[PDB]
Amino acid sequence: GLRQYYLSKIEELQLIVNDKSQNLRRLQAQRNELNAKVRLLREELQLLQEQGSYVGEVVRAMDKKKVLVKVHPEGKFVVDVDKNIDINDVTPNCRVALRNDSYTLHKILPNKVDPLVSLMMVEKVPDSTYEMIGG
Amino acid sequence: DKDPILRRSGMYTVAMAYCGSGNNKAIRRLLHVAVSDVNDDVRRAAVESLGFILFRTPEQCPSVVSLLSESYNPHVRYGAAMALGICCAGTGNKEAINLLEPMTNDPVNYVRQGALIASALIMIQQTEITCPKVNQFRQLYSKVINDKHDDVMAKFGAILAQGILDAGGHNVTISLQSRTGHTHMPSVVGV
Amino acid sequence: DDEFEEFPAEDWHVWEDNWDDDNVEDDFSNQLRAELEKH
Amino acid sequence: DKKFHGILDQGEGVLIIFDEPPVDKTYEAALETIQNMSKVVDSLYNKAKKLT
Amino acid sequence: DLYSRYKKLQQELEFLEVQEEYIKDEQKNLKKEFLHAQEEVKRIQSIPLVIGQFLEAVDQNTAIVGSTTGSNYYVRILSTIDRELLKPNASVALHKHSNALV
Amino acid sequence: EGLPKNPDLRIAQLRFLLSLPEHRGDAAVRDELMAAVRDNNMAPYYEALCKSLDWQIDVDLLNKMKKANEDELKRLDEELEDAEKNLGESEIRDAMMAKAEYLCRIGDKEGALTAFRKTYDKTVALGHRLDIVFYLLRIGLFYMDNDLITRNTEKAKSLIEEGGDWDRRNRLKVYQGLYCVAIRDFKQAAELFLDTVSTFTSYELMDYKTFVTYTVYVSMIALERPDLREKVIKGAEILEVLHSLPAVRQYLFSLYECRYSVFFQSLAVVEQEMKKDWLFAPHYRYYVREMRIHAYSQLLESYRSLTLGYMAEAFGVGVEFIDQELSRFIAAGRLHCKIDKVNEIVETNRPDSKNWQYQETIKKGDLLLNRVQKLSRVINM
Amino acid sequence: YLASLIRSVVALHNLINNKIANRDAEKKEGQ
Amino acid sequence: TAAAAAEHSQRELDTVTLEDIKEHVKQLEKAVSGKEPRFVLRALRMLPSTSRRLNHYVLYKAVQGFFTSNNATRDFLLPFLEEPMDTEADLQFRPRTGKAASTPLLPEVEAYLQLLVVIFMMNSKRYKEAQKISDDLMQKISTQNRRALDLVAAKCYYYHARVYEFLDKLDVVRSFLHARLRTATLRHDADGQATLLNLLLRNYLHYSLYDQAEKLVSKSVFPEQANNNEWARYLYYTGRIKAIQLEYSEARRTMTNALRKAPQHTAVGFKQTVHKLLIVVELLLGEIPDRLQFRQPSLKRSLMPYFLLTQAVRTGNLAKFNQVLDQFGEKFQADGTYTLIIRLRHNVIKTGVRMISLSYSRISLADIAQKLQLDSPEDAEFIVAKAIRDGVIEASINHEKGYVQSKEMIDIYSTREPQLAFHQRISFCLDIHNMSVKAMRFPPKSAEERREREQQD
Amino acid sequence: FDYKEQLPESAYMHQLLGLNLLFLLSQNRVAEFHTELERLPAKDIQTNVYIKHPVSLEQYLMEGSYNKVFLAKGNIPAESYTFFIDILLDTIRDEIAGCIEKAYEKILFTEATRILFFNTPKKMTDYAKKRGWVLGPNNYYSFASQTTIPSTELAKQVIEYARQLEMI
């Protein structure tokens, strides 16, 4: 009888600990999310004082992990690529970020507007179709 | 009391009074102070007090100290590191070692110092097979010592960590309770 | 999930759904014709 | 034709004139917003049941 | 073994009382410190800063801005900035030294 | 001229007529529908119609139409393949658009839809895309596919927004007004019809006479007296077409100028033709009820009290009938008066519009709250 | 009442987005 | 070779269902090993499909190998389950030959397989050996006691109750089912408690012991952590009980919740019954059902009698009401509604009075009787006076001239009623927002940069 | 009800069940009345006079058909129903008087006698003294005795709104 008594109260407590564990895991998830957010802000204040990175257009890729880059608006340097970007992806005529001190290609920014796209935008030949044409 | 030092004294008094007892009331008070109180020094003292109170059951500390270590306040993280060290001193707890390993290389000089010191306290009188992190932490200590990147307080932590690891000719362990299960008052006071 | 077999089953307009078109009544043409005839 | 708010009492033979209150724009906007948010809830059906 | 499940009783008390209210007050104080951290990161909007133009956005937290000094930079943007105001060619305020979109 | 009558809506009208119980057997309607079927080789549509209406399948005619359709489809697939191999994208598009057109002309809903989707994928012209979208919209009107109608209406609006074809915008206005009439949205139907009354060219759907008839009906049931006066009673085009129409002009003007009981013979005749019409059929009862309520409200608005005897004399109906009708509408809540029966007299009142707005807010909020709660149960569990 | 209804709809939208993200993450982990 | 082709199709289906049950039992033992029960719920989700494909003695082909360590089961299962499997069949597909380690089959898996046997007997329509084997299962589970076993125990309880339902004798199960509900209430197993309470309420309803069910509901607490289907059934039963006990608001809310929580892809019979009774309850309170229910294809011909009932009641004349009663009584006995429908007779009286008061300012008592389609005008007098007393109408009767004069209909918007309506709506909307925010589940979730920054600075 | 089968049923069963329904109606336990009434089979409720009279009497009471309720005193399909019906008549006299109180801005006496179903002016005067009336100074019982913002309750509701919004 007392074995059944124990096992009954033990199972009651097992249920209690189980549901409390689900509850505590939810609370821990909430707390961790909030703490990560706050830590992100406090490190943001610190890492926003870092020098901004220049933007330069790659004109030609050298060997030994170096790239010829025209940095806006004056200057044509050769910069060593960062060890996170496959040099095969820096094909000429593409915008790339260069670290402030000791220029180092560390990101391939979205490609500049195609020169042909810019030229056609300047010319502005109205778009046409056979249904617009008649006669 | 008004004085932050008096509040820290209250935290340490709770630690000493309830050392080893694992009294839930003391845990509640210490943890609430570590959370909500307005001074970082007393927050750290409260976390260390919780570490003191939880050493009879070294399996329990990892949870709370993890929540307080993957955390907000640099002082709270450091207090969690020392709480883990005090709790697991002489136990070589794999969970505590795993918790402290990320804490090393933290963006705070004293946090790194405390993590290293607590790690050495935990691996006191340990070897590779008992816990497969002793060599990792020893090489970490050596690099930190013979590096110039690390801050002066990180260097201090590394020297103290090596001293703890090889303490007593590597023939001594730090146990807050005697081998017969009695709280070792000299050890509690020393820690 | 459950098919709810406990109970048996019997073999078997995007506008506002109002309960006024349901009235049983002859066409307004018929009603008006009757009213005019008896008028 | 709503050129003035009043009612013609034939029996007595008089003309009652009412200072008709203006139409509340808040309720108009609330009803239109309810309609638009019903459209939103239909879009939410479309997203959820199709995906969820 | 069954009085070891009484050990499990005291374990249940440990989870219940110690940790629940702990997380509750922890998240309360974390909200407090979140407000404080936002007000602190306001510090980077100091008066002596250079004006620029927001050309393009790369990521959620980075963008290309042409500083009025002549050059343009790919730099991070402050989180507490309404992105609805980052219209093309919109004038922005860049940090004097770090040159981030402040 | 209008877009092609490929999914001829007259066929749908005739099918609806033959579905009605007073015309399920109309010799003239059946003969004209069969004339259309045999002229356009509607083999799949003929099979489906015979099945639905329980007719006997004329096996010989069905077989000959099926052979003709198979020959046409084979020939046109051959043309499509020739365009694929030799000719260019425009020829490919023309061939496969012709295939979609014939799949409509033989009343094959699913095949025609798939062909149109493929053609829209392979087409590059915005105007031709709008043509395909209008084909789909006409199919939707033919088969009362509400989802298809709404999807293609959004598609047509998006396509028109760029390009700014006002001819196509007016055609879409006419189509959307037809859909609104079909779904009993008479306010928007009247709005669109009045917008497009002077620029109507969609003869693929219906004649200008019928268009003006529908416009006048929806305007009467939706617009207030000032708007009706400004738009319908004075629009030059509406007045000319109503001069052509002897009956609907009398109906509208009787309503406007308060000639009562002639409004009721007009309402009876228009109700009959509304019931006959496929588009207005499942709304004729509602339209008649609303028009009767409008007439009663118009008569009662300008009088504090009005004897049921005077009401009956004005409307030509008997006192008992007008009393029961008025009491029914008052109970429904669509008339702002009460009736004293011991000494028959209708006494009007002026409830503030705030009460009506509150009732409408409660109703619409209840609908939307039920929808929101249904969504909540669907998601949470 | 109007604001409360709008807030309820917005909350349901947030819940839908959260559950969509949850299922996507779980499925990607299972992949 | 149509016979051979059909046999081959049947055999491939047998292999598919066999591997399916392999996966199910696998889920069961991994569930009990891992201590997480809801894996058993995941396995049990497919009882309908498994039952539908559970024919041709595929379960024989299975059990002949599975039930190796519990030979005490064959004695009953095989004699009832025959030996129809083809002589060879060239399959020899078993649980490693029906042999892993001579370990006794886990009680959960044994109960699952025997439930499969019981439901196959259910489909076979031979409810005697089914009853005996169900009793054997009940003895087995009563002897056993495990948490992960509670879900399969619940399913077994429901299916055994179904067996006795087909036996036509549920009072026999009454005692055992109720005692096992007591056991499942002492041992906190929400699923078992909920299913047992639902079956007891179903039995009480079947025998028309509404008063007994009333006490049971009053003094029993349903588990809030029950699945949507048990919640739907329990809410339906409680709503019917409340409707009979004349608690119509509770009936409405519980029944609407039952309809909302019932599955929307199946359960057409449950939907039909709930819609019928809910139409009756709405019509009894005075609220009139929307035409959507009657337009629904799933349940349209079933609700036509209720559609005409709603038309009659809303029209408000006892003539139409009592003819409709006369034509469609038979359905009202196939379902059971007499008391509710005649309370609807009283409510049609009330609705007619309401319409007359709204549409009339003064009206003679004879006219009121005529429009209510009542008997002698004195009865209409007393009905109108009783309505005014009850608050249905706010009017006053002038007996000297024998008419009824209504009030002025005080402008509601200038009163608190809009506040109360908007309060209900606001409270529910805030509840929805809070529930959604609570429900949002958050899934669980560099130093080289640190060093690089420190060095570059 | 228990021992269905093994028993041949008693012809007096329906009569006595109807008598029980009359008792429940007299004591005004309507819920129990309907609950037990649901026990009677369908056709027994619909056809048998012994079960029709109780249900019909409740129907009349709910409708307000006090004339037919009184005529039940003559109906009485079984004479034993008189005892449980007399008390119901007295309670119905009270209910009718309540109806008269709320309605009838003014009522006379000679017709109020028939309205209350009394047969003696002395009974009328005694009943008026019961509760209390004006006795009809002009032979008319003129019992025509027919703001306050619930600010506290409304403030409680608004604070509830605020608390439910701010516990986010």
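Residues numbered from 1 in each chain as written, not as in the entry; some residues may be left out. Chains lettered and ligands numbered in written order. Part of a larger assembly, values for the part shown. Heavy atoms only, no water.

A. Summary view of the overall build of chain G. Helix and strand counts for chain G come out as 1 helix and 0 strands. Dimensions of chain G, computed from the C-alpha atoms along their principal axes, are close to 45 × 5 × 5 Å. Residues counted as buried form 39% of the 31 residues belonging to chain G. (Helix = DSSP H or I, 4+ residues; strand = E, 2+ residues; numbered from the N terminus. Buried < 20%, exposed > 50% of the residue type's maximum accessible area, 1.4 Å probe, protein only.)

B. Broad picture of helix α2 (residues 27-40) of chain F. Residues and elements named next belong to chain F. Between its terminal C-alpha atoms α2 stretches 20 Å, which fits the 20 Å expected from 14 residues at 1.5 Å a residue. The complete set of buried residues in α2 reads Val-29, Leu-33, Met-34, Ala-36 and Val-37. The buried residues of α2 occupy one face: seen down the axis, they fall within an arc of 160 degrees. Residues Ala-27, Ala-28, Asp-31 and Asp-39 are exposed on α2 and point more than 90 degrees away from its buried face. (Expected span 1.5 Å × (residues − 1). Arc of directions from axis to C-beta.)

C. Quick look at the domain arrangement of chain H. Domain annotation for chain H reports domain 1 (236-365) and domain 2 (406-440). Computed over C-alpha atoms, the centres of domain 1 of chain H and domain 2 of chain H are 26 Å apart. (Domains from an automatic or database assignment.)

D. Expanded view of the sheet that holds strand β1 (residues 305-306) of chain F. Residues and elements named next belong to chain F. Pairing is antiparallel across the open sheet formed by 3 strands, whose spatial order is β1-β3-β2. Looking at the sheet topology across the chains shown, the edges are occupied by β1 and β2 (337-340). By the bridge criterion, 4 bridges tie β2 to strand β3 (residues 345-348) in an arrangement that is antiparallel. Across the sheet, residue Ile-339 finds its bridge partner in β3, namely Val-346. (Pairing = 2+ DSSP bridges.)

E. Layout of a positive patch on the surface. On the surface, a cluster of positive charge is contributed by D:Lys49, D:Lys50, F:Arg371 and F:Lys374. If you trace the backbone, F:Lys374 turns up in helix α19 (residues 353-380). (Patch = residues over 30% accessible without salt bridge, like charges linked within 9 Å, V, L, I, M, F, W, Y side chains within 5 Å. Areas by Shrake-Rupley, 256 points an atom, 1.4 Å probe, with all protein chains shown as cover. Salt bridge = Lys/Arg side-chain N within 4 Å of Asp/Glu carboxyl O. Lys, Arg positive; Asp, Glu negative; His and termini not counted. Charge placed at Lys NZ, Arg CZ, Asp CG, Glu CD.)

F. Representation of helix α9 (residues 152-165) of chain B in the model. All names here are of chain B. If you check α9, its first and last C-alpha atoms are 20 Å apart, about what 14 residues at 1.5 Å a residue would give, namely 20 Å. The set of residues buried in α9 consists of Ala-154, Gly-157, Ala-158, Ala-161, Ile-164 and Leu-165. With its buried residues spanning 125 degrees around the axis, α9 presents them on a single face. Where α9 is buried, its residues meet α7 (109-122) and α8 (134-145). For α9, the N-terminal cap is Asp-151; the gap from its side-chain oxygen to the backbone nitrogen of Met-153 is 3.2 Å. (Contact = heavy atoms within 4.5 Å. Polar contact = N/O pair within 3.5 Å; in protein donor to acceptor, adjacent residues only side chain to side chain.)

G. Main features of the pattern of salt bridges. The full count for this structure, using the stated rule, is 69 salt bridges over all chains. The partner of C:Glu10 in a salt bridge is H:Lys276, and the shortest N-O contact between them spans 3.2 Å. With C:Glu10 in the segment before α1 (28-38) and H:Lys276 in helix α14 (residues 268-285), this residue pair bridges two chains. We classify C:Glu10 as partly exposed; its relative accessible area is 26%. Judged by relative accessible area, H:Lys276 falls into the buried class, the value being 4%. As a salt-bridge pair, F:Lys341 and F:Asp323 come within 2.4 Å of each other at their nearest N and O atoms.

H. Structural context of a nonpolar patch on the surface. A cluster of nonpolar side chains, contributed by B:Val152, B:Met153, B:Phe156, B:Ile159 and B:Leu160, occupies part of the molecular surface with about 470 Å² of accessible area. Mapped onto the elements of the fold, B:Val152 is located in helix α9.

I. Summary view of the interface of chain E and chain A. Contacts between the two partners involve 42 residues from chain E and, on the opposite side, 39 residues from chain A. Here chain E meets chain A over a buried area of about 3800 Å², counting both sides, of which 68% is carbon and sulfur. Taken together, chain E and chain A are joined by 4 salt bridges. A:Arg42 serves as the salt-bridge partner of E:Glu33, at 3.1 Å between the closest nitrogen and oxygen. On the surface where chain E and chain A come into contact, there are 11 residue pairs in polar contact. Listed by contribution, the elements that provide at least two residues to the side of chain E that touches chain A are α1 (2-41) and β3 (72-76) of chain E. For the side of chain E that touches chain A, the leading source of residues is α1(E), giving 22 residues. For strand β1 (residues 53-61) of chain A and β3(E), the ladder comprises 2 bridges, and the chain directions are antiparallel. Residue pairing across strands places A:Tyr54 opposite E:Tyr73, the latter belonging to β3(E). (Buried area = accessible area lost by both parts, 1.4 Å probe.)

J. Summary view of the UniProt feature "domain: PCI" in chain H. Sequence positions flagged by UniProt for "domain: PCI" are, in local numbering, residues 232-411 of chain H. End C-alpha atoms of residues 232-411 of chain H are separated by 41 Å, and the span's content is 68% helix alongside 5% strand. (UniProt positions renumbered as here; feature names shortened; annotations may be inferred.)

K. Structural view of the packing of aromatic side chains. All chains considered together, the criterion is met by 59 aromatic pairs over all chains. Judged by centre distance (6.1 Å) and plane angle (80 degrees), the rings of F:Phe186 and F:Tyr287 are edge-to-face. Of this pair, F:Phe186 sits in helix α10 (residues 186-195) while F:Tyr287 sits in helix α16 (residues 284-301); the two residues are 101 residues apart in sequence, bridging distant segments of the chain. When its relative accessible area of 0% is taken as the criterion, F:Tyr287 is described as buried. Arranged with centres 6.2 Å apart and planes meeting at 45 degrees, the rings of F:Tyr217 and F:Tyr287 form a pair that is tilted. Of the two residues, F:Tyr217 is situated in helix α11 (residues 208-222) and F:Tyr287 in helix α16; the sequence distance between them amounts to 70 residues. In this structure, H:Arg42 is placed above the aromatic ring of H:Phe39, and the distance from its NZ or CZ to the ring centre is 4.6 Å. Across the ring face of C:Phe7, the terminal group of H:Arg202 is positioned such that the distance to the ring centre comes to 5.0 Å. (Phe/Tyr/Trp six-rings, centres within 6.5 Å; stacked < 30°, edge-to-face > 60°. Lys NZ or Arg CZ within 6 Å of the ring centre and 35° of its normal.)

L. Inspection of the sheet that holds strand β1 (residues 362-364) of chain H at higher detail. All names here are of chain H. The sheet built from 3 strands is open, its strands ordered β1-β3-β2 with antiparallel pairing. A strand with exactly one partner marks an edge of an open sheet, and here the two such strands are β1 and β2 (396-398). Ignoring strand direction, the axes of neighbouring strands in this sheet form an average angle of 25 degrees. Where β1 and strand β3 (residues 403-405) come together, 3 bridges link them in antiparallel fashion. Bridge assignment links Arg-362 to a residue of β3, and that residue is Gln-405. The sheet strands contacting helix α20 (residues 365-372) are β1 and β3, and the helix crosses β1 at an angle near 80 degrees. (Axes fitted to C-alpha atoms, helices over the stretch in contact; angles between N-to-C directions.)

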